[PDB]
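S.K.: Residue numbers (the authors' numbering), protein chains in the order written: chain A, 1 to 294; chain B, -1 to 295. Below is one structure. I have some questions about it.
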Amino acid sequence: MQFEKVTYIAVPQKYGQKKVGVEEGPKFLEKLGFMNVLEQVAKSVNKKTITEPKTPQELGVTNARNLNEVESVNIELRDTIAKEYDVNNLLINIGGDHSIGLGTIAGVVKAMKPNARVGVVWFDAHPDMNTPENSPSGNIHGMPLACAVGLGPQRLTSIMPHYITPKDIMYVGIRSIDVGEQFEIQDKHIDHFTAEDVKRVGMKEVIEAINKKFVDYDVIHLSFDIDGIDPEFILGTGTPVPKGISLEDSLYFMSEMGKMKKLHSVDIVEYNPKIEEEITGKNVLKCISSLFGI
Amino acid sequence: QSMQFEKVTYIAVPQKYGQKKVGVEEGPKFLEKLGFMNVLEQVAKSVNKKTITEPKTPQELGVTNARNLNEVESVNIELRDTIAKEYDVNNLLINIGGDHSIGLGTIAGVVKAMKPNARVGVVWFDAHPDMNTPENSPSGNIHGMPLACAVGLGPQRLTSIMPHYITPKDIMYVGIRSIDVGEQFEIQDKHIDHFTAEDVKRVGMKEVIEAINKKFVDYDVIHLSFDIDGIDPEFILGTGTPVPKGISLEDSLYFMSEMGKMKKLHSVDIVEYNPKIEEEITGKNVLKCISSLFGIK
Ligand SMILES: CCC[C@H](N)C(=O)O
Ligand SMILES: CCC[C@H](N)C(=O)O
Ligand SMILES: [Mn+2]
Ligand SMILES: [Mn+2]
Ligand SMILES: [Mn+2]
Ligand SMILES: [Mn+2]
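Right, dumping it as structure tokens:
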């Protein structure tokens, strides 16, 4: 609809994974008209840029690569969100890799009182619930939700003011799951719709399950990894996985999420314009537009 | 670059109603597309953007002395008031137009932000003095009138936007070369300081900067209003009233670099970019001027 303001945080983070370019996601969305999209929603946009680390990438074998750079980015991001989050306005974080989702959830939790119930909708091909001990890659972008729930190294889990719980999460579109993540999903009974589930039951049913799930929560946070979307439409991303959510279902999903009165914050992550720029960037802008009702 | 601030206030002013050609209202949108936000990112981690409301009313086509006065009034009032709230002597404010009719709102805003006794200096980089009135305008296009309105010469609905008037002695013109009879009369009769484009060639831009430093030494603040058609049309094609024999790109960049170093400068207008006339060459050259201002090179 329209807000008095939108807080827009640009998070130029690549250190959660190995491929260069995902840090330029904000820059390229701006080039494709992101500011003009925000202009339809609010006359005031407060932009914040999180500081880009400028160190060499750790390109060798490790269980948690560039932990320093992920820590420092998520700390700054948490603290910025803690100051700018507002239940009467909207906050949009543009990444950057999905390692920023730790900072992003941490920020919403820090903004709210200690007793607040915070819901998380995680639209992604991946559950992002690995740890350094079970990660096949050592790429911290596959770990943030584990860190948010208290599973991970101390320097990352401690970014949370307190942990969220597995019950607070709704997964949407997941289809690439590692053994540790499967274990968590089944052992903690984490609510989810795989990509195939979405096909079977339809996105309307997904939205209904979200409304029922978070009915007694204070706020909902959406974390939207563009690789949730089928690679036919989203090519410019580091870990594409086939048989994803259709563009059509993604736009309906975003439209319906945008209507939820408990939603005040959104992450759009994993746009790597150096992999593919235009088709992807424009499709990402359609998702963001749908969210806003444009 | 070299400049770093806690914040930059960025005001987008999608105004075409000061003249007849469509597209100048999209100047902000197209500068954003060409990387304007990423240029601001070199200067400040916080950018507070404001968009002035775009009027969506019919263009007054047909002869008149002041076309679409309503739209120019309402835009300049909103712009003045926005600037009055956001102007900050420790940070930087940048208004992106839009036609030069917004320069009335923009000066009005700086004057409203300051105490009533403040001395406000205006540096006006332009091919045109923009000092016509409705009675002597050859066009009725209000973008040729704002500085006249700022000094109290114009219709009541525009001159009254000023909290109080600035005076002719507060202005320093740079690059002027396309002057109407009424504007020449004001320049000569009020002894308004100026360097024509030819003058700049003769004496050099260094001498221009020195004259500005000496002129405004006892002022409180300086406001720069930069009409891109001040620049020679070799480099700036995407604008509605191009005039040949302008300031070179090189002299424009040096000018902007030196302006950016002035401690009294806290606000800048970049106006008359029409990307529907020409987009890329112009837009990129405009971004170089803005970069120079901030010390980025
Ligand atoms: C994007 C995450 C991919 C994989 N699960 C990993 O942990 O590398
Ligand atoms: C842009 C200025 C053009 C002319 N001096 C006029 O006053 O219409
Ligand atoms: Mn993810
Ligand atoms: Mn993913
Ligand atoms: Mn002008
Ligand atoms: Mn001009």
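By construction, the Cβ of each residue, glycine as well, lies at the ideal position given by its N, Cα and C atoms.
If you scan the region 107 to 142 of chain B from start to end, which runs of the beta strand (DSSP E) of 3 or more residues do you find wholly inside it?
M.R.: 118 to 123, all fully within the region 107 to 142 of chain B.
S.K.: Would you grab the beta carbon distance between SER0 of chain B and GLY293 of chain B for me? Rounded to a whole angstrom, and I think it's under 8 Å.
M.R.: Indeed, because the Cβ distance is near 3 Å, the residues count as touching under 8 Å.
S.K.: Starting from the beta carbon of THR49 of chain B, find every residue of chain A whose beta carbon is closer than 7 Å, and list them in chain order.
M.R.: Per Cβ cutoff of 7 Å: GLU39, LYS43.
S.K.: Which residues, in order along the region 17 to 33 of chain A, keep a beta-carbon less than 7 Å from a beta-carbon of chain B?
M.R.: Flagged, chain order: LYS27, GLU30, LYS31, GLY33.
S.K.: Taking 6 Å as the limit, name every residue whose beta carbon sits nearer than that to some heavy atom of ligand 1, in sequence order.
M.R.: Going by the Cβ distance cut-off, the answer is A:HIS126, A:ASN130, A:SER135, A:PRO136, A:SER137, A:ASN139, A:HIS141, A:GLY142, A:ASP178, A:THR239.
S.K.: Taking the beta strand (DSSP E) that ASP191 of chain B falls in, what are its first and last residues?
M.R.: That run of the beta strand (DSSP E) goes 191 to 194.
S.K.: By Cβ distance below 8 Å, which residues in the same chain neighbour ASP218 of chain B in space, the five residues on each side in sequence not counted?
M.R.: So the list reads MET112, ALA116, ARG117, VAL118, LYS262, once near-sequence residues are dropped.
S.K.: Relative to the alpha-carbon of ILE245 of chain B, which residue among B:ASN46, B:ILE164, B:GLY228 has its alpha-carbon at the smallest distance?
M.R.: The shortest C-alpha separation from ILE245 of chain B is found at B:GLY228.
S.K.: If you draw a straight line from the C-alpha of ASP128 of chain B to the C-alpha of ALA146 of chain B, how long is it?
M.R.: So the alpha carbons of these two residues sit roughly 7 Å apart.
S.K.: Does the beta carbon of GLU270 of chain A fall short of 7 Å from some heavy atom of ligand 3?
M.R.: Yes, Cβ of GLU270 of chain A sits closer than 7 Å to a heavy atom of ligand 3.
S.K.: Check whether the Cβ of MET1 of chain A lies closer than 8 Å to any Cβ atom in chain B.
M.R.: By this cut-off, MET1 of chain A is not an interface position.
S.K.: Would you list, in sequence order, the uninterrupted alpha helix (DSSP H) runs of no fewer than 4 residues that lie entirely inside the region 197 to 258 of chain B?
M.R.: The qualifying runs are 203 to 213, 247 to 258.
S.K.: Starting from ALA10 of chain A and walking both ways along the alpha helix (DSSP H), at which residues does that stretch end?
M.R.: Segment 5 to 11 is the beta strand (DSSP E) holding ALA10 of chain A; no alpha helix (DSSP H) there.
S.K.: Which residue wins for smallest C-alpha separation from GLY101 of chain B, given the options B:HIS221, B:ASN36, B:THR239?
M.R.: Cα-wise, what sits closest to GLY101 of chain B is B:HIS221.
S.K.: Check whether the Cβ atoms of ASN272 of chain A and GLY21 of chain A sit closer than 8 Å, and answer yes or no.
M.R.: Contact flag set, yes.
S.K.: Applying a beta-carbon distance threshold of less than 9 Å, which residues of chain B neighbour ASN46 of chain A?
M.R.: Chain B residues near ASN46 of chain A: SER44, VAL45, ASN46, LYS47.
S.K.: Could you pull the DSSP bridge partners for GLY95 of chain B from this structure?
M.R.: Note: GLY95 of chain B sits in a beta bridge opposite B:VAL11.
S.K.: Apart from the five residues just before and just after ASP79 of chain A, which ones in its own chain have a Cβ nearer than 8 Å to its Cβ?
M.R.: Excluding sequence neighbours, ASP79 of chain A sits near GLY107, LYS110.
S.K.: Can you tell me whether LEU67 of chain A is buried or exposed? The criterion is at least 16 other CB atoms within 10 Å of its CB, across all chains shown.
M.R.: When all chains shown are included, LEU67 of chain A counts as buried.
S.K.: Mind pulling the chain A residues with CB within less than 9 Å of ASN36 of chain B?
M.R.: Result: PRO26, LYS27, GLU30, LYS31.
S.K.: Mapping the DSSP letters down to three states, classify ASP178 of chain B as helix, strand or coil.
M.R.: In this structure, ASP178 of chain B counts as coil in the three-state DSSP scheme.
S.K.: I need the straight-line Cα distance from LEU32 of chain A to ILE94 of chain B, nearest angstrom please.
M.R.: Rounded to whole angstroms, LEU32 of chain A to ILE94 of chain B spans 19 Å at the Cα level.
S.K.: How about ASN46 of chain B and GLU84 of chain B: do their beta carbons lie closer than 8 Å?
M.R.: Yes; because the gap between Cβ atoms is below 8 Å, this pair is in contact.
S.K.: Work out the CA separation of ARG155 of chain A and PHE233 of chain A for me, nearest whole Å.
M.R.: Their backbone Cα atoms lie some 36 Å apart in a straight line.
S.K.: Once you ignore the five residues that flank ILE288 of chain B on each side, which residues in its own chain have a CB closer than 7 Å to its CB?
M.R.: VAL37, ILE268.
S.K.: Which first and last residues belong to the alpha helix (DSSP H) in which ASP79 of chain A is found?
M.R.: Residues 67 to 84.
S.K.: How many Å lie between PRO26 of chain A and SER265 of chain B at the Cα?
M.R.: Taking the straight line from one Cα to the other gives about 26 Å.
S.K.: As a quick exercise: from B:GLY258, B:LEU251, B:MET260, pick the residue whose alpha carbon is nearest that of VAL284 of chain B.
M.R.: Comparing Cα positions, the closest option is B:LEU251.
S.K.: So, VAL201 of chain B versus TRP122 of chain B, is the Cβ gap smaller than 8 Å?
M.R.: Taking 8 Å as the Cβ cut-off, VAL201 of chain B and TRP122 of chain B do not qualify as a contacting pair.
S.K.: What number of angstroms, rounded off, separates the C-alpha of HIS126 of chain B from the C-alpha of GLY142 of chain B?
M.R.: Their backbone Cα atoms lie some 8 Å apart in a straight line.
S.K.: Alpha carbon to alpha carbon, how far is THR62 of chain A from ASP216 of chain A? Give it in angstroms, no decimals.
M.R.: Those two C-alpha atoms are separated by around 41 Å.
S.K.: Checking 8 Å against the spacing of the C-beta atoms, do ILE164 of chain B and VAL70 of chain B come in under that value?
M.R.: No, they are not a contact pair.
S.K.: According to DSSP, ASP267 of chain B sits in a beta bridge with which residue or residues?
M.R.: Answer by DSSP bridge pairing, in chain order: B:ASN93, B:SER223.
S.K.: Residues in the same chain with beta-carbon distance under 6 Å from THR280 of chain A, minus the five sequence neighbours each way, listed in chain order, please.
M.R.: Contacts found: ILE234, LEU235, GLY236.
S.K.: Return yes when the C-beta of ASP230 of chain A is under 7 Å from any heavy atom of ligand 4, and no when it is not.
M.R.: Checking every heavy atom of ligand 4 against the Cβ of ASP230 of chain A, none is found closer than 7 Å.
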